[PDB]
Amino acid sequence: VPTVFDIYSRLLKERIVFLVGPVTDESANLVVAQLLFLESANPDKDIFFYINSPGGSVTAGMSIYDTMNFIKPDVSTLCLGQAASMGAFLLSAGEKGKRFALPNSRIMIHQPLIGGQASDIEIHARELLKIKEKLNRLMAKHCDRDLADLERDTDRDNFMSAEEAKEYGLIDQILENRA
Amino acid sequence: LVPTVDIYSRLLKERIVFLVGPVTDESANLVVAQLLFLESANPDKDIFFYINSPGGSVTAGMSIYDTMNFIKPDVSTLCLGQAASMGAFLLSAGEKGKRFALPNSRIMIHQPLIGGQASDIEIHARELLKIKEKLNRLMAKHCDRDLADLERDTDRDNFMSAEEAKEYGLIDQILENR
Amino acid sequence: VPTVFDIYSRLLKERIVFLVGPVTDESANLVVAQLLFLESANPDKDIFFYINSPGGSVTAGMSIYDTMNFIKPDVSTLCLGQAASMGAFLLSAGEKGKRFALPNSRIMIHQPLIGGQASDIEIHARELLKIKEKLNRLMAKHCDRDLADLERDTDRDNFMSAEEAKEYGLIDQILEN
Amino acid sequence: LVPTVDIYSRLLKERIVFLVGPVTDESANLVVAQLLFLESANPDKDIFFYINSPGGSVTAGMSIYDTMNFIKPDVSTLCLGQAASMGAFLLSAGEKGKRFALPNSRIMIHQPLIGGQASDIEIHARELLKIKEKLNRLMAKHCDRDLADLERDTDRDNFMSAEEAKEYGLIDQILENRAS
Amino acid sequence: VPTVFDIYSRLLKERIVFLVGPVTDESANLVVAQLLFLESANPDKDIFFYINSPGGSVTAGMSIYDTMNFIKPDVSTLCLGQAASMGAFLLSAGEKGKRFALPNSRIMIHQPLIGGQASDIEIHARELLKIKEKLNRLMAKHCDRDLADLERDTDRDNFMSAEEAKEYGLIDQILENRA
Amino acid sequence: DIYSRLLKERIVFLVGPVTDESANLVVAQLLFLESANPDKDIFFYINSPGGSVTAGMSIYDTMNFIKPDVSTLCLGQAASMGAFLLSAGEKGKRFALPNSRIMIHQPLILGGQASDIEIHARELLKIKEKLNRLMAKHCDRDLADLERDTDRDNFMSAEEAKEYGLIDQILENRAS
Amino acid sequence: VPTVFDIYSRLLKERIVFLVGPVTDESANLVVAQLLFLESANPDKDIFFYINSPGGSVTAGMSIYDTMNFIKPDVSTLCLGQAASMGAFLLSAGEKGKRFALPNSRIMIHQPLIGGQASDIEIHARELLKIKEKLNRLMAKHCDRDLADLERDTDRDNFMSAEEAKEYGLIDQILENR
Amino acid sequence: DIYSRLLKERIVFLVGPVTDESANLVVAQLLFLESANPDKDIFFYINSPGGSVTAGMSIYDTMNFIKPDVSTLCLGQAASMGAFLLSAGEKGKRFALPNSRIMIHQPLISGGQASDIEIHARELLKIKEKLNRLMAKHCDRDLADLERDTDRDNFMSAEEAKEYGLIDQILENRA
Amino acid sequence: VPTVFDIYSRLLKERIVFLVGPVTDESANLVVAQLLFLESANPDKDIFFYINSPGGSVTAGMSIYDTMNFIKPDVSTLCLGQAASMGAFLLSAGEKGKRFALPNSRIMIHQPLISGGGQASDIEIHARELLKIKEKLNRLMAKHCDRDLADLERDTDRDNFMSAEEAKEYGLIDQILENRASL
Amino acid sequence: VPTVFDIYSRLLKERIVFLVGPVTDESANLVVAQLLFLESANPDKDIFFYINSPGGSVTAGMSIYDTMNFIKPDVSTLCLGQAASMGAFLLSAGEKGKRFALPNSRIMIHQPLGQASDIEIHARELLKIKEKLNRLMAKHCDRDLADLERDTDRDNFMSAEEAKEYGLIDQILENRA
Amino acid sequence: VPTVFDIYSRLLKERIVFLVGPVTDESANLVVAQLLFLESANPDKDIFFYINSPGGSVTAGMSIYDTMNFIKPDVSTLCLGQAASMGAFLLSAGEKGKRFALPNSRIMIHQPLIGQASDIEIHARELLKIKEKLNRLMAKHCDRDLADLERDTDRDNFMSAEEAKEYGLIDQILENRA
């Protein structure tokens, strides 16, 4: 990684935080640390959360999500490349009015995707359905849409262009350039 | 690897059928074939089904189970060594009055023990719970026991001596010798 | 890890300690070391213990547990993402009144989960059963509930929402902002 | 690999049954099958059970054991090479007076030796201790010895020569050849 | 590992040395190095040796042990989490009156645990039995107990609570907090 | 098949490592040949590098238990337990082909508690002494000789094995 | 393996024995057994030993070698494809006057080619050198050559055509056809 | 069984790679047919990618040693030692089916001290030369043709193999 | 690794050199490097060579050995934990009068042990080279221990474990240090 | 690796260069680089090249060899532990009069160890290398080429005194004296 | 790597760039980066490109090649140990008059070596274009005919320093300075 600070610490001074690749406990907590630090350094400036992610652990994503809503700054989100699964969830979670996509980004949403006694399998199956329902309800709120729409539209992989994510309510604008 | 006189075919002429080791599709279907053959050879004589099994596939066991009840001969069952999981299920399924265990065999019963979208996981969880309820249903009827007992007594591994299995209703008698 | 001093050392200066991922001897002792350091830096200001963990070693969590209660600072605990098994145990062990969860966190509690001669298997099974009862008694005290409640409610994996963990007595408050 | 005259089928109607190698479900049931066959062929003639085994599954061994006692023929046992763990149990289980060892055989006895929730481990530990006690008590009866003796002498591996196994009560005689 | 000096170097400046995880040649010599340094820095102040260990190499543990007794500072020991096998041996080896455990610590002691010609197997079995006897004798000295007690009490795994280790003589006090 | 045909001439082969399976197959053939005729000699052909001590002991006690004299012939090699079984043939009827080799050595193998390792090491030392003592009897030599000569691998020509007492004669052809 | 009897047992009735592939304990003893059988079947007729082998175990090869010299029939040897290392040794060991090679056969001879304490390595190296000398001495006898020639000519791999092997004394004739 | 049945028709198969075992099985069948009838032709059907050269030599010298004419027929392909064996059939009785493929090339090693490497390279070069000379004799061609034409893999159709001299006729059907 | 200079570099400033774990070309040369550095820094002060090792490569151990005797500082040796095989050889090679062990150290000596082919010519060459190494080591060991070579040949035929007291009575070390007072 | 500068960088200030372990492209070029630096730092002072190597790649060893002869400083060589195969060649290549061995070093010399067209090419290239090596080695030892041909046919192990008598080294160093 | 500033950064300050080992995308671009860096620091002094390589990726080596010819500094080349395949290509690519080999260096040149039939056709044609292109550039570097390079690279062609000099692949052999 190039030096200037390494390149990512330098962009962190511009209040840019990256989520790249799969959402894990380690990578999500690293995002949480950066969000908390930027709040401490200046609670009155927006944070820019750049997401290029295929998704990953749901609980790890919730840790980013609840921190995005916990801190004082608006967390603006930008999809570059793609935001799929929890990646799309976090992108839609940006401060409404400040959710963005680059013109050739793609968004993908779907239902949750994944041994023991039947008793244990019942427990984990139930918990998996609970997560699926919670995600649909939170997603509908982010998109300002009906819950039935989200249930139907996430049964299988649902790929969207940037323009489609906008009409869906997942993002607010597509950014061509600075202009 | 198996002596000639072969020994298992020789004991089949005595209407002896063995289930040894885990219940899989080919081993279970091998039993079905022997049960069907012995009925064909003489539908008026009992069959003796010797079980030393730790269990295995539930659907494979059902094929033996429904075949035991389908044919005309009484299927007497004998536990030697152990009858666990589907092995205990099949042993309990012998003709009532003709279910036996050797004095130091052991019986074990328990609930069923085992990826994709949440929809698919829901579906397969539903089927596993149905099988679990079905199994407690058939088992209580085999034991002349009430359904609540079987649900409670199979939540975890339940090991029984031959005498306990008799008390439970799983077998009828313990045979020390002839 | 971005440098600002790296991001985690920077947050350590504000008395933030993270438990992320499985509880092992080295992940646990790194926390113990940070707890002892923050006590040395100022034994009278609260420590904020952020937990996003699926659980892990019981003895490793015990070293964190006794250290939390040994040092002078109140250790406030925060569940982000999830606190499962020993993670949920540590979460419940924070200073009463200062145990928190974020609104979409989950908590999970359960009984302990894991060769040789029968004598040896007898010894280790008995030690495992001692550990199981010890955790139930300590968990019941953290939650201000009867031992019967914890024994019954930890027989299999028990997932709780933030509020359910709140009624259980496992945490005190849910933090929205 | 087994010559023709196969060798084991031919010796089978001298009423000789072999247990060689580990006691598994397959190997145990093959023995069970042979015992039942010889009883059917002649319920009034002795069976000669040759044991060279390091042991194996206890339930599998129990299938042979209960079968030895179930059939009508006396089951004579002979230790060649070694009879250890369940092998020694089966050797000791032959008809009293007809249990033998060759002079440089070895016998070994010991207590049973082998994941999940603590509840499940508790259950399987309890079952393993039941087996340990059951085996000690049955062994003390075979050896005409005290249960307290079998508990002490099986805490760790206990190797016995043919003379020691005879003094323990596990076998009746040592056979060097036809005299004896 | 965080910075404030890294976290362990800074706790080392307060004469705290950690033994964590399995006792190997490498992890044991690092403790020895820290013990030699703290004595050099001040031979008249106590050293605090925190042990959370499942055990490990016996000779590696002896290197720590003989170093604790060789240097001039008193080596106080504290068991946190667990001190098992050689971990328990080193814990019991602390300066008498200054051996401690946290309330939910656990202690475990047991006898030693592990090819060629019979001649070679005889030599190594005898050497292993020599180690078993030496360890029992040193342990009995640490615990102020009879050698026969240690032979009986280490035949198989012997797990002790903090109170049981104190009553055994393996530690001196249980510390709930600073008070 | 070729081996069954030679079995009808009372020839039994031990080829390769002595295992439970390879030893018991030899035992079964020995018992069979005794059943067919307990009064004619058996010819035990050995080309083996050794193996399990208890497996070979089952062969050993069977050779001495049955009524037939068991004559032994070493072809290629008789090493360790192969050499023990070769040495165990009926005295006067132990033979080697001229370019065979014999090798003898002490037992060669631990994981558990020190108590167990003590038990198994002592059991191994009993075996070592037992083998030296039985070997000394086969060779009409002192136990002291065998202890000294098996401490490490001791390779012998047919002539050396004959002078040691391990075999009785070297057979170039049936002109004894 | 076609049935004609299998093809190899059928050729045994013509007194043909094959050594194919590496010389192992098992493959050598299979040859030993066939030689003993043919002697039993008729001790007064020649045996035809066809060798296509790259070599292998020296002790296993010695079991064939001493059996060839022990039995009453002349053992005639034929090299087809190749006789290398112990393969060449056994070929050269056939009854003098009855050692043959097919015209495009190749023969190769060489010295022996292969852990513990230094005491053990000394024992096994010295034992390997005894084999080296013995093999050179026996080879010199088969070839009617001086031992020094064999020590020099086997120091590294020595490939010979059929004519070269005849000129060396390793075989007696080259056979193009009957 | 089907292959023993065709053996009674004096048909011998080589299918798949030439190894010591597969070549000797062919040698054994050839000797069996000669003893059963030394005066009737043998039909050697080859569908092979090649393999061991010495193993291939054992079949070759057996074809020429026994008294029966060994006629060869290529079905599928005869490559490397397969093509060598095909070309070695009795002159006038080497055949291919019309969509057979033939391939010839110089020796190829798949897989010590410099002294040993010198010895083994030289022996490989003798083999390469011997094969070229034997091939040129089978093909009624110049040695120089075989050396250049086997420098790399040379695939030939049935017509081409016939024009090269590797076989005598192409058999479309029983006419 | 804790920092104060890291902890080992810090002890290097006190002329302490560690050999921990197996003797390889890698670890031996790192020891050789530190020995030469300390001689360069001060050729007239003692070096303290602390050994806790199971042994390893003989030639690698020889490079340490000849560096100990080549450089001008006395190389005092201390065994902690254990010195086995080449570890015990290096320990016994310390400056006479300055070889030490901690009380519960273990020493083990034995003949060369190879683990892990070629023509008998090559095997003859390598076997004889190993016997030369075995003899050379016994002779150096007998000189280090001030005892007869016949003693070292007999006493290294198999693994020979010694306590700190036994190693001193054998002549491998000079003193056992219980603490600094023991001097 | 200790700090004083790491230990090897510090010894470079004494003009000490090590070759340890197998001679590969990378470890040989690392040596080449150090030779170039010391010549750059002072082209008129000797370089001390310490060799403890079992040998390895011949082309890699040649890159060291020609650099030793290209640079202006004398390259003195010292064998510690062993100089085998390419290790011995480099040792023998030090400046005549400044080639040394420690008393218990060992030296070993020996000869070097697709389609038939390709195997021919590579075998003959290996034989040229064998020939090259025997000739240069003969120059280093001031001996007959025939001697090196005989003495490297199989592994030739030498004590330091034997290597000195052979002409491979100039002196044996017991200590600074 | 010793930290005098590791050793290579320190020789980089003397405008020495090394290529050691296989030519990969990483190993080539690191060379490209140093070449551009040295041009930026000073576009008017020669660069010394030290090559010890067995070859590798053709496109990776081309990135070095075009960069050597793109920058303003003369790129002098030195072969140490060996320059093989693309290593030899880059060695031959140095500024005419300034390509050198150490006296016991070795050079080796050869032709390139490494789906549906349509795809295999495309990649075969692309591989044959590369072969001709490399031969044409090589012929220009050596002042030789394309026909020479095609004949001399059909199989591995190993050259001494003197042979490489006579071929036109290098200009001078340096035992020491000029």
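A, B, ... follow the sequence lines: proteins, then strands. Residue 1 opens every chain.
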For [X], I'd like to know if atom [atom1] has over 12 heavy atoms of other residues, nucleotides or ligands within 6.0 Å.
| X | atom1 | answer |
| --- | --- | --- |
| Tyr8(A) | OH | no |
| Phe159(A) | CZ | yes |
| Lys13(A) | NZ | no |
| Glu176(B) | CD | no |
| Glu167(B) | CD | no |

Open item on the list: Would you compute the distance between atom CG of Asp120(B) and atom CD1 of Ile114(A) and round it to the nearest 0.5 angstrom?
Closed with: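 These two atoms lie 12.0 Å from each other.
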
Open item on the list: Quick check on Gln111(B) against chain A: is it the side chain, the backbone, both or neither that has a heavy atom closer than 4.5 Å?
Closed with: side chain

- [ ] Measure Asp155(B) against the heavy atoms of chain A and call it side chain, backbone, both or neither at under 4.5 Å.
- [x] both

Open item on the list: At under 4.5 Å between heavy atoms, what parts of residues 129-152 of chain B are in contact with chain A? List them by residue number.
Closed with: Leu129(B), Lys132(B)

Task: Residue selection (most heavy-atom pairs with chain B, distance under 4.5 Å) from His124(A), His110(A), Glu122(A), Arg126(A) - done: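 Looking at each of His124(A), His110(A), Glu122(A), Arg126(A) in turn, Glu122(A) comes out on top.
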
Open item on the list: Minimum heavy-atom separation for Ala125(A) and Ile121(B), please, with both atom names.
Closed with: CB-CG2, 4.1 Å

